[PDB]
Each structure stands twice: as structure tokens, then as C-alpha cells.
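Structure, as C-alpha cells:
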Amino acid sequence: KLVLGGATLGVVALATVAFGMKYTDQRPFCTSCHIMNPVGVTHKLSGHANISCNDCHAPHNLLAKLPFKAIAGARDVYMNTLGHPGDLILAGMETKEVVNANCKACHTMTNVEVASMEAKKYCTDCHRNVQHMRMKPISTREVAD
Amino acid sequence: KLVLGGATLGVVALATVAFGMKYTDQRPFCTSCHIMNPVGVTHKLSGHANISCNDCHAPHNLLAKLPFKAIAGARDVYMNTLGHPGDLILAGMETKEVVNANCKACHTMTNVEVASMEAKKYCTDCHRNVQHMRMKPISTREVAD
Amino acid sequence: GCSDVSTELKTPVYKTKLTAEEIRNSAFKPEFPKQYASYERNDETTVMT
Amino acid sequence: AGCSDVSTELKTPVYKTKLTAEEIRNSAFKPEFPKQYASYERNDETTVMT
Ligand code: HEC
Ligand code: HEC
Ligand code: HEC
Ligand code: HEC
Ligand code: HEC
Ligand code: HEC
Ligand SMILES: CCCCCCCCCCCCO[C@@H]1O[C@H](CO)[C@@H](O[C@H]2O[C@H](CO)[C@@H](O)[C@H](O)[C@H]2O)[C@H](O)[C@H]1O
């Protein structure tokens, strides 16, 4: 009953860690910064509204995901406080690769007997609006502030 | 130091229960009984090949899922050992209702503007072959034991 | 953890700005432009099977 | 409790009998295939109408 105190503080420590990793994948957290609002609005309006942000945006492999979350998170907290973001927020080369590998993780079966990885670099070179509905008028995605 | 040894039991006893719960959600575990491999073949051949069996067959909610998996596992083990299954293996009301709720969990956004839950009792009344390709010739699904 | 199923499937419920006796098709077009666009396809009168 | 994935090739069960190349007697198949044979013997029922 004194080593069974560790086996509670231990299961509550891991269950807290686990909840926190999942919470921090999610649209409410991602959009707690007003800069992420337009991407949050287009997510919620789309076919993919019911999967989290990191279902596309971070690796699914656990050993790859934790470090990716920390580094991306660190860049973002920085650019939101001490940096000066441009007028254009565009994904870098690394997120393009992790987003695209996730398309395939979930939609292999539609594509199994076709060379759809070979003509266009990315899936979204054909499925353009899976990229946050980027072809729709500006007022359907964006307000000032 | 008998707390740092009891907290290492709790984070290995939850990491084992967590891994063991996901393992027994999956196709190699389910089809370990040969009575289950027509459903296994048809799962692997389908658009849902890369989601687990229990992504459809059990509640996603963790308080609901644990009891369900145990009760379902108990009766399936009994039927495979001391029971006598018939020539027809069919799902009960219980599993028709959990499978159907899971259709809605992953496919809400397709269906949001339409009364698709109202005419047909189940999603699979229209999406018939999601029910293990049941309309295809027997030889594409089945062999002698 | 949590679900990101933040949007729940619900049978659609409507309350229009129309009177109980409205029968003009054009009166529905503002409320329901998607189904109205579909309905206009019936104007196609060129195609045989 | 179980480990490898299902195969999708649906390999039919394979047999090697003690029968010669040109065996045609029905009773010669009974010893090795009693389930299929007993099912075959159900064709004797000649009373039932639809
Ligand atoms: C949850 C609300 C989010 C948040 C906060 C973001 N996303 Fe996405 N995203 C997807 C794709 C294909 C792209 C383009 C990548 C590429 O160039 O190949 C993006 C891009 C972004 C950006 C910046 C770029 C932009 O176009 O605005 C940002 C800020 C962003 N994401 C955040 C695809 C997806 C998804 C897969 C279907 C999902 C889910 C999300 N995004 C969700 C979110
Ligand atoms: C939740 C887990 C997420 C996800 C998936 C993303 N964000 Fe943000 N982010 C913030 C700022 C100020 C920028 C612009 C930086 C710049 O102009 O250089 C971004 C950028 C992105 C991108 C595009 C850049 C890239 O990495 O390719 C993407 C895909 C993205 N984010 C996804 C600010 C914040 C936050 C404030 C602290 C928070 C919280 C998030 N973002 C959350 C998320
Ligand atoms: C309940 C039994 C259902 C029903 C009726 C449908 N789904 Fe799903 N589904 C999921 C994903 C990621 C895909 C795309 C897979 C890919 O592109 O490779 C699908 C696909 C479909 C389809 C199209 C394919 C087909 O077999 O006809 C249809 C009609 C369909 N679904 C309906 C994801 C999920 C789930 C997430 C865990 C769940 C649960 C379901 N699907 C369940 C159902
Ligand atoms: C990477 C950016 C992609 C791309 C190009 C696509 N997906 Fe997904 N997707 C998933 C599920 C469950 C659905 C069905 C939702 C529903 O039925 O309501 C979809 C839907 C699509 C579509 C059709 C809808 C559309 O917006 O055009 C398309 C073209 C599509 N996807 C391509 C599941 C997932 C994922 C699992 C977590 C991931 C990752 C992705 N999708 C990512 C992508
Ligand atoms: C969702 C897309 C499913 C996945 C993934 C798997 N199954 Fe399935 N199963 C699904 C439906 C819609 C049904 C019919 C339910 C109904 O309303 O009648 C079933 C049924 C079964 C059955 C027996 C009944 C039958 O029709 O064959 C079994 C034994 C079964 N399911 C098991 C099973 C296994 C082992 C799976 C993984 C390989 C699996 N299912 C995946 C939908 C879905
Ligand atoms: C052997 C011990 C089994 C394992 C492991 C799994 N299943 Fe099974 N299941 C088994 C038998 C012998 C039967 C037929 C019994 C009968 O009722 O005739 C079944 C039945 C099902 C069903 C249909 C009945 C129902 O519960 O709705 C389903 C949907 C089903 N099985 C699914 C399923 C899943 C998801 C499994 C993995 C977790 C799984 N089964 C494993 C034997 C065995
Ligand atoms: C300290 C006590 C520890 C005991 C554990 C009990 C406390 C926590 C239990 C929370 C109960 C809800 O359990 C939670 O339900 C939702 C479904 O609604 C699941 O959510 C799952 O399915 C939905 C779709 O159906 C997906 O959007 C999501 O990505 C997926 O993870 C969570 O994976 C599960 O963890």
C-alpha cells in the first residue's frame, strides 16, 4: 500500500501525458492563436472536419510525432510572440511531406492499382481544396484582426 | 526509492494494457480463428482494409469499449469452443447498432445536409457491400475449412 | 483523450421565411439555391437513352 | 493471442489420396472423404416436394 501509491501516481502521470498529447493535436488548441483561425474555419467546413489537425499535420508514428510536435510548437510560439509573420502563411517543405504521407496512410485503398503518386508530386495537386479551401472567395475564409 | 519503482510498474502496466487493447482490435488477432477469415479476406480486399475491425465493431468511447470487447470476446470464445455455430453467421442487434454509429462517427460530413438516417434504418442498407462484400460470388470470399 | 468529432450528425430541421400557402417555385430559390439549381436541370430536353 | 495477417489469395485446401489415376467407384472415396460422402448420400431422399 506504499508501492501501490506509485502505481497510481504512475497511471495518472501517463494518462495525463496521453490526454495532453491528444488535446494538443486538436482544432480548439491549434486555433487558440487568432493567426490559425482561417485554417481552423476551413477545416471545420470541410470533409475532414472530424479528424484532428495533426491527423494530417504531424507523423502518426509515436517516436517521430513527439519530437515533431515540440519543434513545430516551438517555432510557432516563437513566430507568434517574437517573430513577424508575413502576409502569406505558407507551409514549408517538411509539412508538405508529412501532410502528403498522411493522405496515403488513410486513402491507400482508393489508390492501390493506380500510379497516382507519380504524375503529380502531391495528392493535393489534384485535390486542391483539401488545402484549406484555397480557391474560394476570401470572404468565405477570412475576417480582419 | 520504492516510489520510483512503483511508478515504473504503473507506466508499464498501462503501456501493456494500452498496447494489448489495440492489438486485440485488429485483423491478425480477429482472424486467428479460422471461422473469422471470410470477414478477414473481405476486410483486406475493401476500402476499409487499413482501419481495424473494432473501428467498426466496438464503441470508440473507452468506458463503453472495454466492457464490450470483454463480453464480445467471452461469447465468441465460448461459441468457438463449447458452442455449435450454424451455417449462417450473422450479427446481432447490438452489433448492428454499434457498427452503424461508427459509420456516422467517421462520415458525418458527407451526410450533414441530408436526412440519410431517416429512410433506411442503417447506412449499409444503401452501402450494402461495406457489409463484407456479401453480394459477390461465394468463391471470391470463401473456401472449405 | 478526446474525439475531434466536433460536428455531430443530426437530421436537418428547417424554418423558412415562407407563408403556409406559398406555391411559387421562385419563392423557394433564395432559401434553397442548391436543390433549386438541381431542379433547373429538368430543362434539359436534348438527351435520349 | 494470434499473429500473422490473413492471406487474400483464398488458397483452396489441397489433397493427395490413396486412389489410383482411374478410380471411378463411389465407395472408394468414402474412407478419405466421409463428410462429403454422407452429404452425397442425402440425394437418396425421394419423398419431399416443393
Ligand atoms: C486544424 C484546424 C488545422 C490547422 C490549424 C492547420 N491545418 Fe492544414 N493543410 C493541409 C494541406 C494539404 C496544406 C498545404 C500543405 C502543402 O502545401 O502541401 C495545409 C496547410 C496548412 C497551413 C498553411 C498553408 C495554407 O495553405 O494556409 C496551416 C497554417 C495549417 N495547414 C494548419 C491539409 C490539412 C488536413 C488534411 C486533410 C487537415 C486535417 C488540416 N489541414 C487541418 C489543419
Ligand atoms: C496545432 C497542433 C497546430 C498546427 C497543426 C499548426 N499550427 Fe500554427 N503557426 C503559428 C504562426 C504565427 C505561423 C506562421 C509562421 C510564419 O509565418 O512563418 C504558423 C504556421 C503554421 C503552419 C505553416 C508553417 C509550416 O510549419 O509549414 C502550419 C502547417 C501550422 N502552423 C499548423 C502559430 C500557431 C500557434 C500559436 C502559438 C499555435 C498554438 C498553432 N500555430 C497551432 C498549430
Ligand atoms: C459503416 C459500416 C460505414 C459505412 C457505411 C461507410 N464507412 Fe467508411 N471509410 C473510412 C476511410 C478512411 C475511407 C477511405 C478509405 C480509402 O480511401 O482508402 C472510407 C471509405 C468509405 C466508403 C467508400 C469505399 C467503399 O467501400 O464504398 C464508403 C461508402 C464508406 N466508407 C461508408 C473510414 C471509416 C471509419 C473510421 C474508423 C469507419 C467507422 C467507417 N469508415 C465505416 C463506414
Ligand atoms: C491529405 C491532405 C489528404 C487528401 C488529399 C485526402 N485525404 Fe481524407 N478523408 C478521411 C475520411 C474519414 C473522409 C470521409 C469524411 C466523410 O465521409 O465525411 C475523407 C475524405 C476525403 C476526400 C473526399 C472529401 C473532400 O474533402 O474532397 C478526399 C478527396 C480526401 N479525403 C483526400 C480521412 C483522412 C485521414 C485520416 C486521419 C487523413 C490523414 C486524410 N483523410 C488526408 C487526406
Ligand atoms: C466497417 C467498415 C467494418 C469493418 C472495418 C469490419 N466490418 Fe465486420 N461488419 C460490418 C458491417 C456493416 C456488418 C453487417 C452488420 C449488420 O448490420 O448486419 C459486419 C458483420 C460482421 C460479421 C458477421 C456478419 C456478416 O454479415 O458477415 C463478422 C463475423 C464481422 N463483421 C467481423 C469482422 C472482422 C473480423 C473484421 C476485421 C477483419 C471486420 N468485421 C471489419 C462492417 C465492418
Ligand atoms: C475465436 C475465439 C474468435 C475470435 C478471436 C473472434 N471471433 Fe468473432 N466469432 C467467432 C465465432 C465462432 C462466431 C459465431 C458465433 C455465432 O454467433 O454464431 C463469431 C461471431 C462474430 C460476429 C457476429 C455476432 C456478433 O457478435 O454480432 C461478429 C460481428 C464478430 N464475430 C466480430 C469479431 C471481431 C471484431 C473480432 C476481433 C476483435 C472477432 N470477431 C474475433 C469467433 C471468434
Ligand atoms: C484515471 C482513469 C483512467 C481510466 C480511463 C477513463 C477516463 C478517460 C475515458 C474517456 C472516455 C471517452 O473515450 C474517448 O472517446 C472518444 C469517442 O467519443 C474516442 O475518440 C476516438 O474516436 C473518434 C471518432 O469516433 C475520433 O474522433 C478520435 O480521433 C478517436 O480517438 C477516444 O479515443 C476515447 O479515448
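The residues of chain A that appear here are 14-158 by Swiss-Prot count, in order.
Method of determination (from the header): X-ray crystallography, 2.3 Å.
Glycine is no exception: its Cβ is also placed from the backbone N, Cα and C atoms.
Of the listed candidates (A:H61, A:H97, A:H145), Swiss-Prot assigns A:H61 to the same heme 3 site as A:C116, A:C119, A:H120. Listed recorded positions (A:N63, A:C66, A:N67, A:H70, A:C139) with a CB under 8 Å from any chain B CB: A:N63. When the region 'Interaction with NrfA' (A:123-158) is classified with DSSP, helix, strand and coil residues number 11 helix, 0 strand, 25 coil. Proximity to chain C (Cβ-Cβ distance under 8 Å) holds for the following recorded positions out of A:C46, A:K57, A:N67, A:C139, A:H145: A:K57. Only A:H70 of the recorded positions listed as A:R40, A:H70, A:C139 bring a Cβ under 6 Å of any atom of ligand 2; the order follows the sequence.
Shown are the binding-site residues A:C46, A:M49, A:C66, A:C116, A:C139; the one with the most C-beta atoms within 10 angstroms of its own C-beta is A:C66. For ligand 1, the nearby recorded positions are A:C69; that is, of A:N63, A:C69, A:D89, A:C136, these have a C-beta under 6 Å from one of its atoms. In sequence order, A:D68, A:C69, A:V143 make up the list of same-chain residues 6 or more apart from A:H61 (heme 3 binding site) whose Cβ falls under 8 Å from its Cβ.
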